[PDB]
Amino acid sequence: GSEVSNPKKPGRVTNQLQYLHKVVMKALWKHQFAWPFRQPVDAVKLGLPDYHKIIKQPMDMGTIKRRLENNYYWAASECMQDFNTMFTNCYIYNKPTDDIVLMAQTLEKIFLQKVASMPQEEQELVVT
């Protein structure tokens, strides 16, 4: 499992990370299409003997949500990378015609549309 907290890793809150947490993630987490992505893929339970050989970095929305809650990221680009990894993992392991690939593509389109309204200049927030 991927780590969601690390005192040795620089992390903080920015205006963009706060937007991804309170606006973007809040909308994607409740979306109908998000259910296959809300927790890690369990290769043992699902019978995927080659999943962890094909997928080098598993990622799911629950891990991203916990990283946002724990101020794990330093910049919004790190959170964008985790989303990109989650979507691309599905594109790699599954066939282009599989329904789950279209579910990921649709969620990715929503994600990118919501990110378009993100604050364009990243600024660290320290007031609590």
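Numbers follow the displayed sequence, beginning with 1.
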In the PDB record, does 66-74 or 50-58 carry the higher mean Cα temperature factor?
50-58
Highest CA temperature factor in the entry: which of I100, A27, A34, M86?
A27
Among the chain's modelled residues, which third holds the C-alpha B-factor of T106?
middle
Using only modelled residues of the chain, where does the Cα B factor of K114 rank: lowest third, middle third or highest third?
highest
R38 - which third its CA temperature factor falls in, relative to the rest of the chain:
lowest
